[PDB]
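Undergrad: My structure file upload36.pdb, PDB, C-alpha atoms, is below:
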ATOM      1  CA  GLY A   1    -121.617  95.721 269.794  1.00  0.00           C
ATOM      2  CA  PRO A   2    -122.986  95.211 273.279  1.00  0.00           C
ATOM      3  CA  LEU A   3    -125.156  92.234 272.233  1.00  0.00           C
ATOM      4  CA  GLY A   4    -122.150  90.239 271.160  1.00  0.00           C
ATOM      5  CA  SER A   5    -122.332  87.577 268.483  1.00  0.00           C
ATOM      6  CA  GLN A   6    -123.138  84.240 270.146  1.00  0.00           C
ATOM      7  CA  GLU A   7    -125.932  82.503 268.168  1.00  0.00           C
ATOM      8  CA  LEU A   8    -128.781  81.315 270.283  1.00  0.00           C
ATOM      9  CA  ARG A   9    -129.957  77.800 269.481  1.00  0.00           C
ATOM     10  CA  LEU A  10    -133.632  77.657 270.455  1.00  0.00           C
ATOM     11  CA  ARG A  11    -136.532  75.235 270.093  1.00  0.00           C
ATOM     12  CA  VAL A  12    -140.037  76.466 269.438  1.00  0.00           C
ATOM     13  CA  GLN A  13    -143.031  74.235 270.238  1.00  0.00           C
ATOM     14  CA  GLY A  14    -146.676  74.710 269.315  1.00  0.00           C
ATOM     15  CA  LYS A  15    -149.827  72.939 270.280  1.00  0.00           C
ATOM     16  CA  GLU A  16    -149.304  69.920 268.051  1.00  0.00           C
ATOM     17  CA  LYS A  17    -146.685  67.466 269.074  1.00  0.00           C
ATOM     18  CA  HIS A  18    -145.072  67.636 265.707  1.00  0.00           C
ATOM     19  CA  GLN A  19    -145.002  71.463 265.745  1.00  0.00           C
ATOM     20  CA  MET A  20    -141.236  71.741 266.521  1.00  0.00           C
ATOM     21  CA  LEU A  21    -138.744  74.249 265.051  1.00  0.00           C
ATOM     22  CA  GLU A  22    -135.089  74.512 265.944  1.00  0.00           C
ATOM     23  CA  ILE A  23    -133.688  77.927 265.042  1.00  0.00           C
ATOM     24  CA  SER A  24    -130.340  79.588 265.442  1.00  0.00           C
ATOM     25  CA  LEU A  25    -131.254  83.173 266.307  1.00  0.00           C
ATOM     26  CA  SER A  26    -128.701  86.002 266.102  1.00  0.00           C
ATOM     27  CA  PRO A  27    -128.459  88.135 269.245  1.00  0.00           C
ATOM     28  CA  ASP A  28    -129.169  91.197 267.103  1.00  0.00           C
ATOM     29  CA  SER A  29    -132.383  89.720 265.694  1.00  0.00           C
ATOM     30  CA  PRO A  30    -135.658  90.833 267.230  1.00  0.00           C
ATOM     31  CA  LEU A  31    -137.995  88.036 268.281  1.00  0.00           C
ATOM     32  CA  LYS A  32    -140.272  88.803 265.304  1.00  0.00           C
ATOM     33  CA  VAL A  33    -137.610  87.024 263.202  1.00  0.00           C
ATOM     34  CA  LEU A  34    -138.190  83.820 265.199  1.00  0.00           C
ATOM     35  CA  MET A  35    -141.942  84.304 265.025  1.00  0.00           C
ATOM     36  CA  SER A  36    -141.832  84.610 261.218  1.00  0.00           C
ATOM     37  CA  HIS A  37    -139.599  81.572 260.839  1.00  0.00           C
ATOM     38  CA  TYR A  38    -141.965  79.523 263.009  1.00  0.00           C
ATOM     39  CA  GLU A  39    -144.994  80.550 260.985  1.00  0.00           C
ATOM     40  CA  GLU A  40    -143.190  79.654 257.747  1.00  0.00           C
ATOM     41  CA  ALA A  41    -141.915  76.310 259.035  1.00  0.00           C
ATOM     42  CA  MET A  42    -145.328  75.244 260.280  1.00  0.00           C
ATOM     43  CA  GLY A  43    -147.517  76.656 257.539  1.00  0.00           C
ATOM     44  CA  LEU A  44    -149.155  79.094 259.953  1.00  0.00           C
ATOM     45  CA  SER A  45    -148.766  82.511 258.326  1.00  0.00           C
ATOM     46  CA  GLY A  46    -151.654  84.720 259.329  1.00  0.00           C
ATOM     47  CA  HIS A  47    -152.677  82.517 262.219  1.00  0.00           C
ATOM     48  CA  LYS A  48    -153.360  84.272 265.508  1.00  0.00           C
ATOM     49  CA  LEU A  49    -150.583  82.817 267.595  1.00  0.00           C
ATOM     50  CA  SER A  50    -149.276  83.836 271.002  1.00  0.00           C
ATOM     51  CA  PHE A  51    -145.582  83.216 271.673  1.00  0.00           C
ATOM     52  CA  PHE A  52    -144.190  82.939 275.196  1.00  0.00           C
ATOM     53  CA  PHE A  53    -140.769  82.724 276.757  1.00  0.00           C
ATOM     54  CA  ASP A  54    -140.983  81.417 280.287  1.00  0.00           C
ATOM     55  CA  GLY A  55    -144.494  82.803 280.636  1.00  0.00           C
ATOM     56  CA  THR A  56    -143.752  86.216 279.097  1.00  0.00           C
ATOM     57  CA  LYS A  57    -145.802  86.978 276.005  1.00  0.00           C
ATOM     58  CA  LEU A  58    -143.678  88.230 273.129  1.00  0.00           C
ATOM     59  CA  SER A  59    -144.505  91.242 270.994  1.00  0.00           C
ATOM     60  CA  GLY A  60    -141.662  90.479 268.603  1.00  0.00           C
ATOM     61  CA  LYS A  61    -139.913  93.810 269.406  1.00  0.00           C
ATOM     62  CA  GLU A  62    -137.768  92.143 272.081  1.00  0.00           C
ATOM     63  CA  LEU A  63    -134.135  91.339 271.547  1.00  0.00           C
ATOM     64  CA  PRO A  64    -132.863  88.071 273.053  1.00  0.00           C
ATOM     65  CA  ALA A  65    -131.029  90.054 275.756  1.00  0.00           C
ATOM     66  CA  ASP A  66    -134.302  91.677 276.850  1.00  0.00           C
ATOM     67  CA  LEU A  67    -135.543  88.197 277.760  1.00  0.00           C
ATOM     68  CA  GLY A  68    -132.219  86.703 278.876  1.00  0.00           C
ATOM     69  CA  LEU A  69    -132.397  83.975 276.209  1.00  0.00           C
ATOM     70  CA  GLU A  70    -129.646  81.380 276.008  1.00  0.00           C
ATOM     71  CA  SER A  71    -128.937  78.400 273.807  1.00  0.00           C
ATOM     72  CA  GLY A  72    -131.091  75.498 274.882  1.00  0.00           C
ATOM     73  CA  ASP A  73    -134.100  77.644 275.793  1.00  0.00           C
ATOM     74  CA  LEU A  74    -137.663  76.920 274.610  1.00  0.00           C
ATOM     75  CA  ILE A  75    -140.343  79.188 273.204  1.00  0.00           C
ATOM     76  CA  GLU A  76    -143.994  78.023 273.501  1.00  0.00           C
ATOM     77  CA  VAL A  77    -146.624  78.910 270.956  1.00  0.00           C
ATOM     78  CA  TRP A  78    -150.359  78.867 271.753  1.00  0.00           C
ATOM     79  CA  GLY A  79    -153.129  79.012 269.166  1.00  0.00           C
TER
END
Just give me the structure as structure tokens.
TA:
Amino acid sequence: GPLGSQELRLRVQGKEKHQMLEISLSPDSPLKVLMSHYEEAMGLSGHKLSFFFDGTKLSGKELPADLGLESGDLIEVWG
């Protein structure tokens, strides 16, 4: 389909220096998938977190192409 099939390798960084996840995100996965994986990795389910890509706050409904994500990009997590 129009999204193609190139996996996006991303790093996700929270407020603690050790809060780092690397994730391979499928182009057909909404950003909520990344948000859930981050929460699980870091033991933060239920926490009120705000995720940003290059300053844009994520709802989790975005697809990577909505944001223009590419491998090697970073997602920042506040909270």
Undergrad: Do you know which residues are at most 10 Å from residue 3 (chain A) counting all atoms listed in the file, after dropping those on the same chain fewer than 6 positions away, and could you put them as a list in words?
TA: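 Neighbouring residues, sequence-local ones excluded: residues 26, 27, 28, 63, 64 and 65 of chain A.
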Undergrad: With all atoms listed in the file as the atoms that count, which of A:42, A:5, A:29, A:14 lies nearest to residue 75 (chain A)?
TA: A:14
Undergrad: I would like the residues chosen by the PyMOL selection byres ((chain A and resi 41) around 12) on the shown file; could you give them as a list in words?
TA: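 So the PyMOL selection byres ((chain A and resi 41) around 12), applied here, picks out residues 12, 13, 14, 18, 19, 20, 21, 22, 23, 34, 35, 36, 37, 38, 39, 40, 42, 43, 44 and 45 of chain A.
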Undergrad: I'd like to see the residues matched by the PyMOL selection byres ((chain A and resi 30) around 6) on this file, and ideally I'd get them as a PDB file with C-alpha atoms, keeping the file's coordinate frame.
TA:
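Once everything was written out, this is expr20.pdb:
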ATOM      1  CA  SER A  29    -132.383  89.720 265.694  1.00  0.00           C
ATOM      2  CA  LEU A  31    -137.995  88.036 268.281  1.00  0.00           C
ATOM      3  CA  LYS A  32    -140.272  88.803 265.304  1.00  0.00           C
ATOM      4  CA  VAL A  33    -137.610  87.024 263.202  1.00  0.00           C
ATOM      5  CA  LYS A  61    -139.913  93.810 269.406  1.00  0.00           C
ATOM      6  CA  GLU A  62    -137.768  92.143 272.081  1.00  0.00           C
ATOM      7  CA  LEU A  63    -134.135  91.339 271.547  1.00  0.00           C
TER       8      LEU A  63
END
Undergrad: Once you add 3 Å to each side, what are the centre and edge lengths of the axis-aligned box holding all listed atoms of region 52-55 of chain A? One decimal in Å, as lines of an AutoDock Vina configuration file, if you can.
TA:
center_x = -142.6
center_y = 82.2
center_z = 277.9
size_x = 9.7
size_y = 7.5
size_z = 11.4
Undergrad: What does the distance between CA of residue 11 (chain A) and CA of residue 78 (chain A) come to in Å, to one decimal place?
TA: 14.4 Å
